[PDB]
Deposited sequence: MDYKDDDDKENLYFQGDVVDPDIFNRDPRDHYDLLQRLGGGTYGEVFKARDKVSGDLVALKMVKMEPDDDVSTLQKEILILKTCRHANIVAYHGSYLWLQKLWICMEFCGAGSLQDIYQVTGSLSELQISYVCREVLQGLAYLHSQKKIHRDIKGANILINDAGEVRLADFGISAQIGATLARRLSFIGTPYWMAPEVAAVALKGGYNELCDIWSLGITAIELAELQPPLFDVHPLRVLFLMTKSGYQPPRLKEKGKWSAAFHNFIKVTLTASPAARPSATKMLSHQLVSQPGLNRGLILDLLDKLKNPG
């Protein structure tokens, strides 16, 4: 729909249009490289995903169309895709400072104002994704990128941006779909039903930026999961008291509401004093980036 706001995939080596520079990272999502446009000199990031020989082109085109229509200032901008020698290459906006986890592992804990600006920017991205009937499902410091201008970008839009190995692992969790009714298959493909899980993850991420680890990081993962099934379950909180304002403690209290029925939406969270206060701008993050270079 052109009323809401050119080829889908090039059958060509992206090295025909870009000079591959340094490897930025890697993992289950594939490998990401910094690159430079041969004509304009503009910098981009290129993600290389290994494809299976039997991956069908019909499904790949449907997946790429989702990347093409899901766009917001607070999500890494998608530019295009290349399919060459069994590798899918996704071209996108370059975020020079890497993830918030890459940064805080050097700088230490963020200030309350720096966290407030990050939360506001992530909530703007989530309000957009939730309006499009998508669920991110992987909000955390390692998945929030920062560019050299101090701007915040979600690394991708989560569930519906998965391709390659990450998507293969999610398909294993879903299991065989041949007996699912269409409405069950819809929830499985979307990655869930309740988008308010993202609001909880943002609350945990605010603690992660304040404390350098999410709550209970040291507890065996299967125990953390089992404790969430118990009737006595209590959500986590900030470890320190006086270091943080009453507005920050309240933001954590309301985002970390165990019952999704009582948890606020992304748009309602954007009205919370913590993220609606004046003085939240990229200058706060330029100060964090300067700390990174001159410690």
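- Missing from the model, relative to the deposited sequence, are the ranges 1 to 10, 16 to 19, 310.
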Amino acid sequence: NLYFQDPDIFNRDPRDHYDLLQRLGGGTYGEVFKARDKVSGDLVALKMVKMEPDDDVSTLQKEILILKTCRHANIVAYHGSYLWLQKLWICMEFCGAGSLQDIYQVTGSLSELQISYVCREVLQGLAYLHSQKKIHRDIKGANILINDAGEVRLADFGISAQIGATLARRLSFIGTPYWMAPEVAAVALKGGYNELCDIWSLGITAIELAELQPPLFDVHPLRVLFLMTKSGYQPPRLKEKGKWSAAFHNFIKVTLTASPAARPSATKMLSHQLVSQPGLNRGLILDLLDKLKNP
From here on, numbers count along this sequence of modelled residues.
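- Set 245 to 253 against 226 to 234 and average the Cα temperature factors; 226 to 234 ends up higher.
- Mean CA temperature factor is higher for 188 to 196 when stretches 206 to 214 and 188 to 196 are set side by side in the entry.
- When the C-alpha B-factors of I66, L43, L46, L270 are ranked from the entry, the top spot goes to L43.
- Among all modelled residues in its chain, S265 ranks in the lowest third by Cα B-factor.
- Ranked by C-alpha B-factor against the other modelled residues of its chain, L85 falls in the highest third.
- Annotation for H130: CA B-factor lies in the lowest third of the chain's modelled residues.
- Sort the chain's modelled residues by C-alpha temperature factor and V122 lands in the lowest third, per the entry.
- Among all modelled residues in this chain, the alpha-carbon of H220 has a temperature factor (C-alpha) in the highest third.
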